[PDB]
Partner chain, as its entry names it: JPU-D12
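Read the single chain below, which is given as structure tokens and is the form deposited without the partner chain.
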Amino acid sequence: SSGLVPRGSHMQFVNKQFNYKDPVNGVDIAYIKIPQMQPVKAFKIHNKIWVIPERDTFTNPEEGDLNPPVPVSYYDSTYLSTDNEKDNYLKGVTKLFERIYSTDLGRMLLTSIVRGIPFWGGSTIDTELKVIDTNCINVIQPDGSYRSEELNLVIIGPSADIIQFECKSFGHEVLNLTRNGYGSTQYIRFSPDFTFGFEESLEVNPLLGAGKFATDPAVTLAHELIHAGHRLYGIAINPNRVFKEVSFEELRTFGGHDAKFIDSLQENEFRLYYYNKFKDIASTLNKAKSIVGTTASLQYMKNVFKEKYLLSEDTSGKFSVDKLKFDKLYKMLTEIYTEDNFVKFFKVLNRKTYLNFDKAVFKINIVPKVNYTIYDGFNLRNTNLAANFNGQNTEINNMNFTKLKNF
């Protein structure tokens, strides 16, 4: 009915087939607090990844309420307020993770994310390794006690503007965590319950003209996951680098020909910048003499980050950045993991450049297997929807797309 396991016995990435009503257990279903908020029920879908089926009234203090206050936006303060909606959200996100993970490209990306633990750069003491507190959540147990847990990624519902999907994180007072190689826990505001439109002209009747298509939400989620990859490895491009408007970071993440507008000399400058930031992490690890807030050894934690950053270790135990391994990791994160490449793997229709979307917004439901599948998305095989991206055509597959207003 949901079609969460098209092949084999169990889901390959997501650890459990959760229902929103499943009781808290303190392990993979728990009330959590993000470090004034009321605890929120959350689900651990994989090592280092949690899903919070709530509207994001938490991560930004100046975004506390859901009422309407630039090209396309959509508001509904009631969306994701009921347990049934939260259940369907959780199943939708689950399904999209499995769809992404069904591709070679998605397995690579999600693996990189899970391995991309934010750096222990939180000490004021130059020789001490320490966690940064905003890279953790507090996980409340059924008896009310709690423990701090490090994590890499949180998927949460949108804030006021429902179609404003983004990858955000908590800043540091002095450190630029998304741009100094350290990385930080990433919060993706995302809904699987809506999508947006784009126009495309397909060739053949001659009288066809342009069709009105819907973006596949697996592509949208993969896009935000790619930002998360850049930001977890602390190699995001400064958002003040823009064409005008579209940021270099957006063009890089969209990939394809869009990314070719970032000139090679600029690319080289960034790569060298981040190579140097990774060498600074290697020397920080080499200079480390003590560790706080864990029963894990210093040796053990040093190794966790050797593993993240693909560092070389000599017989003396000294770390260093290997230029070939750096280039491999950097190219993977920036050139290989792109929206364009996911489109190619999914074999779906997508807009051909970052800015070429419609102001059109649609309500969708991808949870039913009759609507959307892990292998085909909307373009269900052995039906009329398999040809000419008819599943994504909002006039042909009208039952799957309800057109919204238009704020």
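Residue numbers count along the first chain shown, from 1.
Missing-residue flag, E203, threshold a third of other entries: Result for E203: often missing, at least a third of the compared entries.
In at least a third of the other entries we lined up, does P39 end up with no coordinates? That residue is present in all of the other compared entries.
In this entry, is the chain continuous from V204 to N205, or are deposited residues missing in between (none, 1 to 3, 4 to 9, 10 or more)? Just 1 to 3 residues are missing between them.
Residues with no coordinates between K244 and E245, taken from the deposited sequence as a class: 10 or more residues lack coordinates between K244 and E245.
Averaged over C-alpha atoms, is the B-factor higher for 70-78 or for 246-254 in this PDB entry? Mean CA B-factor is higher for 70-78.
Looking at the deposited entry, does 6-14 or 380-388 carry the larger mean Cα B-factor? Here the higher of the two C-alpha B-factor means belongs to 380-388.
Would the CA B-factor of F346 place it in the lowest, middle or highest third of its chain? CA B-factor rank for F346: middle third.
Among all modelled residues of this chain, ranked by Cα B factor, put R55 in the bottom, middle or top third, i.e. lowest, middle or highest. Tercile = middle for this residue's CA B-factor.
Lowest, middle or highest third: where is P368 by Cα B-factor in its chain? Middle third, going by the recorded CA B-factors of the chain.
Ranked by Cα temperature factor within the chain, is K212 in the lowest third, the middle third or the highest third? Ranked within chain, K212 CA B lands in the middle tercile.
Tell me, lowest, middle or highest third: where does the Cα B factor of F357 rank within its chain? Tercile = highest for this residue's CA B-factor.
Keep in mind that the form deposited with the partner chain bound is not shown, yet the notes after this line are about it.
Please pick out the stretch from 296-304, 87-95, 273-281, 260-268 that is in contact with the partner chain in the deposited complex, where contact means heavy atoms within 4.5 Å. So the stretch in question is 296-304.
At 4.5 Å by heavy atoms, is each residue in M11, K48 and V114 next to the partner chain in the deposited complex? Each of the three qualifies.
Residue-level question: is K212 within 4.5 Å of the partner chain in the deposited complex, judged on heavy atoms? Outside the cut-off, so no.
Can any non-hydrogen atom of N15 be found within 4.5 angstroms of the partner chain in the deposited complex? Contact with the partner chain, yes.
Between 314-328 and the partner chain in the deposited complex, list the residues on our side with a heavy atom within 4.5 Å. Sequence-ordered list is empty.
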